[PDB]
Amino acid sequence: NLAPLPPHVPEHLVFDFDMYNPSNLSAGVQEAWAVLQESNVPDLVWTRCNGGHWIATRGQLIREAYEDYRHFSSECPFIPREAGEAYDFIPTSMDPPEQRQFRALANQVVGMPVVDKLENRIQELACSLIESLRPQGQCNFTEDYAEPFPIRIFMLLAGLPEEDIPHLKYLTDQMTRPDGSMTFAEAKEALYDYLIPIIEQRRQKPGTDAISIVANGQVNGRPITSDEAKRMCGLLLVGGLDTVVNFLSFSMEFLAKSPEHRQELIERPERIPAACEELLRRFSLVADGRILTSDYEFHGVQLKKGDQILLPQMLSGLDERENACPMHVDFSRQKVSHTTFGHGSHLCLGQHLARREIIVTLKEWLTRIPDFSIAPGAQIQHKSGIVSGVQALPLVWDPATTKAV
Ligand code: HEM
Ligand SMILES: CC1(C)[C@H]2CC[C@]1(C)CC2
């Protein structure tokens, strides 16, 4: 379903990319998207899918657009429009200077100092899940570790019941990798139905959890409204549940296929941080956009007020102008260039959390299970969307090569 080309779109800039179902998904999600960076694709293209929208293809342009909130607004950050429209998360659907107060608050909940406080638990949980798997010689990494790990840590941070995981996870999924089962607004309303009562309760009888801290916060000298808290937490949930989960699967899928990369980390552990960055560049997985507030000529292309443009954070670090041999993993690149956690005023607040979770997993898994691979005759399927994913990751290993710690 291709929408008729708008009058202002030069036909030579058309390139029908479907962000939800790119062409050679078989090859991998990042490979599927990287087709946008082949020599035959202009820097800025218009696609007819998903109702019609611009896509910037190069790191240079993604960053500029992200810096420029005057022209590129976060008011409608998701494609298709109805989703971007229904989208009312904070601080994500806001521009500076308004955005800045809400951010300062979310920072209170997820920033560095929270991570540092939670460090021991993160380690405790990782060690426990891993040790628990070790003797089996086989898992479903996606259901077995990648979901539980990040998700339990969040449920802990938020002070919410683990029991709610399945329901929540479904709703969060519908948002980033729409199934067709429920529309964005519906999905938004259900999560919101979840949260409302919860917020009500923590406004009355505050705890020490993230939700209590948000429900009772100050923004611009005055108190946050019930709607504002619902809208902040809503975001906290989607980042909590859906980002780290997918990243780990990509990373582990790669590790499973590359013995020499594993060994490298085993023997020269001082490289883990460097490797974490490189993996963040290569298996980048978020693609959102902005809305043109007005008519604006950008790198010689005329954008019309109201036009949406996808600025794939995934793409920057995959761009050959930014990283020589992009599709190659090299733990010792001089410079790892990416915008995995975004760029501009919306830079990921949960970055410190994400990094800490990634580093622990690598260190801890490799410690106990140094040698592993993908299950014979398993065909790994990636999924595309706002947040890209892995459907399932069947791993196998020989117990006898594992190390109890
Ligand atoms: C692999 C991990 C993650 C990746 C790749 C990631 C990616 C991103 C991206 C690309 C943005 C900017 C979106 C925009 O500019 O439209 C963002 C913002 C955000 N993320 Fe992260 N995210 C990750 C983990 C997390 C975690 C663990 C949390 C906390 C629960 C979270 C919470 C946030 C918040 C609150 C914002 C918005 C900040 C603002 O608008 O000022 N993210 N993230
Ligand atoms: C990954 C994201 C793009 C960041 C802002 C919206 C989202 C879908 C959750 C956290």
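About the cut-offs
- Residues numbered from 1 in each chain as written, not as in the entry; some residues may be left out.
- Chains lettered and ligands numbered in written order.
- Heavy atoms only, no water.
- UniProt positions renumbered as here; feature names shortened; annotations may be inferred.
- Helix = DSSP H or I, 4+ residues; strand = E, 2+ residues; numbered from the N terminus.
- Rg over C-alpha atoms; globule rule 2.2 N^0.38 Å.
- Buried < 20%, exposed > 50% of the residue type's maximum accessible area, 1.4 Å probe, protein only.
- Contact = heavy atoms within 4.5 Å.
- Areas by Shrake-Rupley, 256 points an atom, 1.4 Å probe, with all protein chains shown as cover.
- Near = heavy atom within 4 Å.
- Polar contact = N/O pair within 3.5 Å; in protein donor to acceptor, adjacent residues only side chain to side chain.
- Donors = N, O, S within 2.8 Å, 3.2 Å for Na, K, Ca; no water.
- Pairing = 2+ DSSP bridges.
- Axes fitted to C-alpha atoms, helices over the stretch in contact; angles between N-to-C directions.
- Parallel < 35°, antiparallel > 145°, perpendicular 65-115°, else oblique.
- Left-handed = near helix turned anticlockwise from the far one by under 90°.
- Nonpolar A, V, L, I, M, F, W, Y, C, P; charged D, E, K, R; others polar.
- Salt bridge = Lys/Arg side-chain N within 4 Å of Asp/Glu carboxyl O.
- Core = buried A, V, L, I, M, F, W, Y, C linked by side-chain atoms within 4.5 Å.
- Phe/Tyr/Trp six-rings, centres within 6.5 Å; stacked < 30°, edge-to-face > 60°.

The deposited coordinates derive from X-ray crystallography, with the record listing a resolution of 1.9 Å.

The protein goes by CYTOCHROME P450-CAM in the PDB entry, where it is assigned to Pseudomonas putida. As stated in UniProt under Pathway, the record for the protein gives "Terpene metabolism; (R)-camphor degradation."

(A) The arrangement of the overall build of the protein in detail. A count of helices and strands for the protein gives 16 helices and 14 strands. Its C-alpha radius of gyration of 21 Å places the protein within 12% of the 22 Å reference for a compact globule of 405 residues. A buried classification covers 57% of the 405 residues belonging to the protein. In the protein, once contacts between residues fewer than 6 apart in sequence are set aside, the share between residues at least 24 apart is 70%. Working note: accessible area of the protein is about 17,200 Å², and carbon and sulfur atoms make up 49% of it.

(B) Fine view of the site of ligand 1. What surrounds ligand 1 is a group of 25 residues, the closest being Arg103, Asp288, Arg290, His346 and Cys348. The contact in question runs from an oxygen atom of ligand 1 to an N or O atom on the side chain of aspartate 288, over 2.7 Å. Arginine 290 is positioned with one of its side-chain polar atoms (N or O) 3.0 Å from an oxygen atom of ligand 1. Among the secondary structure elements, those contributing two or more residues to the shell around ligand 1 are helix 4 (99-110), helix 11 (226-242), strand 7 (288-292) and helix 16 (351-368). Per-element tally for the shell around ligand 1: the top contributor is helix 11, with four residues.

(C) The arrangement of the coordination of the iron atom of ligand 1 in detail. The protein gives the iron atom of ligand 1 a lone donor atom, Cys348 (SG), placed 2.0 Å from the metal. With respect to the element layout, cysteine 348 can be found in the loop between helix 15 (313-316) and helix 16.

(D) View of the site of ligand 2. Every residue close to ligand 2 is listed here: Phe78, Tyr87, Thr92, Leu235, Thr243, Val286, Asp288, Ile386 and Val387. Compared with its free state, where it exposes 290 Å², ligand 2 has 83% of that area covered by protein.

(E) Representation of unusual backbone geometry within the structure. A cis amide bond links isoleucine 90 with the next residue in sequence, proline 91, at an omega value of 5°. For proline 91, the position within the fold is in the loop between helix 3 (81-86) and helix 4. Of note, the phi angle at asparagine 50 is positive, near 55°, even though the residue is not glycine. Mapped onto the secondary structure, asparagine 50 falls in the loop between strand 1 (44-47) and strand 2 (53-56). Residue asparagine 50 is classed as partly exposed on the basis of its relative accessible area, which comes to 23%. The backbone of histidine 299 sits at a positive phi, close to 50°, despite the residue not being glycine. With respect to the element layout, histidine 299 can be found in the loop between strand 8 (296-298) and strand 9 (301-303).

(F) Region of the structure containing the sheet that holds strand 14 (residues 394-396). The antiparallel open sheet is built from three strands, whose spatial order is 4-14-11. Bordering the open sheet on either side are strand 4 (138-140) and strand 11 (373-374), each of which pairs with just one other strand. Where strand 11 lies against strand 14, two bridges are found, and the strand directions are antiparallel. Each residue of the ladder has a partner; that of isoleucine 374, found in strand 14, is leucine 395.

(G) Representation of the packing of helix 5 (residues 112-133) against helix 7 (residues 148-158) in the model. Axis separation between helix 5 and helix 7 bottoms out at 10 Å; the angle between their running directions is 140°. Judged by the angle between their axes, helix 5 and helix 7 are oblique. Note that helix 5 runs across helix 7; the crossing there is right-handed. Counting all contacts with helix 5, which are made through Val114, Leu118, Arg121, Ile122, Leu125, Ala126 and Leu129, the residues of helix 7 involved are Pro148, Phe149, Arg152, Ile153, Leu156 and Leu157. When its residues are assigned to classes, the contact of helix 5 with helix 7 shows 11 nonpolar, no polar and two charged.

(H) Expanded view of the pattern of salt bridges. Tallied over the entire structure, the rule returns 31 salt bridges. We note a salt bridge from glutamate 131 to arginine 134, for which the minimum N-O separation is 3.0 Å. Put simply, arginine 222 and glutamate 228 hold a salt bridge, and the shortest N to O gap is 2.9 Å. Of the residues examined, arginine 222 reaches a relative accessible area of 32% and is grouped as partly exposed. A network of salt bridges, in which partner residues are shared, links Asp43, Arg58, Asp319, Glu320 and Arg321.

(I) View of the nonpolar core. Among the nonpolar cores identified, the biggest contains 132 residues, and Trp33, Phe141, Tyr145, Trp365, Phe372 and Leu395 are the most heavily contacted of them. Not counting the four nearest positions on each side in its chain, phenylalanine 372 is found in contact with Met252, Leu255, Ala256, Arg262, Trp365, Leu366, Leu395, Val396 and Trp397.

(J) Here's a closer look at the packing of aromatic side chains. Going through the model one piece at a time under the given rule, you end up with 18 aromatic pairs. A centroid spacing of 5.1 Å and a plane angle of 25° characterise the contact between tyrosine 145 and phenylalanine 149, whose relative ring orientation is stacked. Across the pair, exposure class does not vary: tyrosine 145 and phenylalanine 149 are buried alike. Where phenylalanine 254 meets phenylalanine 283, the ring centres are 5.6 Å apart and the plane angle is 40°; that geometry is what we call tilted. Note that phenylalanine 254 is positioned in helix 12 (residues 244-257) and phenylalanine 283 in the loop between helix 14 (272-282) and strand 7, a separation of 29 residues in sequence. Judged by its relative accessible area of 15%, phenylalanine 254 falls in the buried class. In this structure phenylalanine 283 comes out as buried when scored by relative accessible area, which is 7%. Ring pairing ties together the aromatic residues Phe141, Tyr145, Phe149, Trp365, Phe372 and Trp397, which thus form one cluster.

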